[PDB]
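Structure 1 and structure 2 below are two forms of the same protein chain, each written out on its own as structure tokens.
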Structure 1
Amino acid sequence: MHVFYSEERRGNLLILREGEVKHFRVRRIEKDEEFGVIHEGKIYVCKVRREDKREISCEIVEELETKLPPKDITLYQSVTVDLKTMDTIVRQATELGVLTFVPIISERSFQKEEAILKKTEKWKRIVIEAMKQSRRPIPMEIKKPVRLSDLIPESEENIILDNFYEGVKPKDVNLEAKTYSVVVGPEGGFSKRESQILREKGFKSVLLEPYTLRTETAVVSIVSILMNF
């Protein structure tokens, strides 16, 4: 079943707009063909009603039960100097079930906050596309940027991924925790001074084996481990 996204409800009809109208057209949906539509935290099985140029209305047939991630993870991602890489990180974090995404400004990360705020518009659209593809009805919230220097661990388990520090193995982490905070560096990584402060604050430094990975690969590695164990 194809899945679409809506942020507009009119009675018992879910409305598709702009990009979703185009996506709907591409799928060449049949008159009585059922499809899913994500709206306000749930996936609704629907059938088509109106097919117009700037709008597709979908009749709600059945409201499905929403499956939530087994763990509540907040990813504090140092913005990559190559902004394009964030498209992948945001997409994959969404697929994996991460609940909250916080862009971080660190010593070696992208530095322009204004550009980060603008790019966030695109990142939110990427989250929506990933939600449709992964059949994830709950959004991944993208928050305003925070500076690494101001972070304070507050989750049940708090981790800093660092290839430059002889940290602990993933299995040494509290895998029974239900809430996590994970801090990941940009291409250049974390400076020794930056990471030291984070470790002193209470972030457990984790080292993935056996090699140093690119930022996006490290994100999926740690999140997949935490989400599945």
Structure 2
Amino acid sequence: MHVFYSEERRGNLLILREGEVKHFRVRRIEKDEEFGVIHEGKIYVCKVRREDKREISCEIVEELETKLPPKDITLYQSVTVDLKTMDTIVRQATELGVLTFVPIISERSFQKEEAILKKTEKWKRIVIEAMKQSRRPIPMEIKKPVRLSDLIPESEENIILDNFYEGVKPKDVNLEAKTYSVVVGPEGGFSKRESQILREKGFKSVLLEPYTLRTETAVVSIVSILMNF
């Protein structure tokens, strides 16, 4: 079934607005077909109650069962120099089930902060689009950028993806942790220097196989491993 996101409910009715009425519109959707609507926590199976052109109402036919992410991952991403690449990594972090997304400024990452801050609004909307197709009940929190030199390992287990270092495989890390910190570098990668600071602070360094991946194919690569295990 199709899925939409509503930010307002009255009694047992969810209301779509703006972008949603368009999305829902292009979707013909016979007068009474069941489509989902995630609202403040869960997703609700609904049938149209009345359709406009500016706003639409849906009636809750059933509390749909919504699963949560087995692990609480906080992906610390080094902002790619090509910000569009960050559009993917954000949508994807979302479908994969990442609870938190933190942009990082590293020696080789995009450097401007304001541009990163202004990119948030779009980071956010993309999350929404993603929790609709992904049917993800809750959102992915996008945070204010933090400097790579300020990271501290704080999760049950803490990883740093590095292709330059001869690290351990994911299997070797504590895959039985409930919360994780995962630091991925930009297109240019991590400087031998800055990653040494990290392994020293405690971030366990993982080496994926069998080649060098673009930063985004590396992100899903490991998140996939850390969420499915």
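Quick note, the numbers are simply positions in structure 1, starting from 1. Just so we're on the same page, rigid core means the largest C-alpha set that superposes within 1.5 Å between forms.
- Core-superposed comparison between structure 1 and structure 2: the C-alpha position of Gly11 differs by no less than 2 Å.
- Relative displacement of the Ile56 Cα between structure 1 and structure 2 on rigid core alignment is 1.3 Å.
- The rigid core superposition between structure 1 and structure 2 gives a CA shift for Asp150 of 0.6 Å.
- Superposing the rigid core and comparing between structure 1 and structure 2 gives a CA shift of 2.4 Å at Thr66.
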